[PDB]
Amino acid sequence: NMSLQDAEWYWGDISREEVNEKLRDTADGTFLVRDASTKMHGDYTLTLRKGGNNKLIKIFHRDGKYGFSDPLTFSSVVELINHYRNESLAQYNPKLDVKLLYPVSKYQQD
């Protein structure tokens, strides 16, 4: 019973400009997820740092599954992210050879 709301790297309805505040100046493989710019289908947007730029990868949501491209194979956003911590996004696009290495946490350090 994992909830996306508890994910360190899930920042909800923040904007791309707000994401850039968190990803600017970071290392390759730094990442967070926000809601997509539009609510259609309940998609999400992964933002991943590479080469000093922010790469945005749509997380499609269809029929209760999630993925970057068809076929959608993941049962939750958390499961998707956990997969790409270990497997490079070269699986999505051969030219995007980066893993999800450094989550940007929304929580205070306490």
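Numbers follow the displayed sequence, beginning with 1.
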Going by the B-factors listed in the PDB entry, is the mean over the C-alpha atoms higher for 49-57 or for 67-75?
-> 67-75
Chain-relative C-alpha B factor for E87 (record values, thirds): the highest
Third of the chain's Cα B-factor distribution that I14 belongs to, per the entry | middle
Against its chain's modelled residues, does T30's Cα B factor rank lowest, middle or highest third?
-> lowest
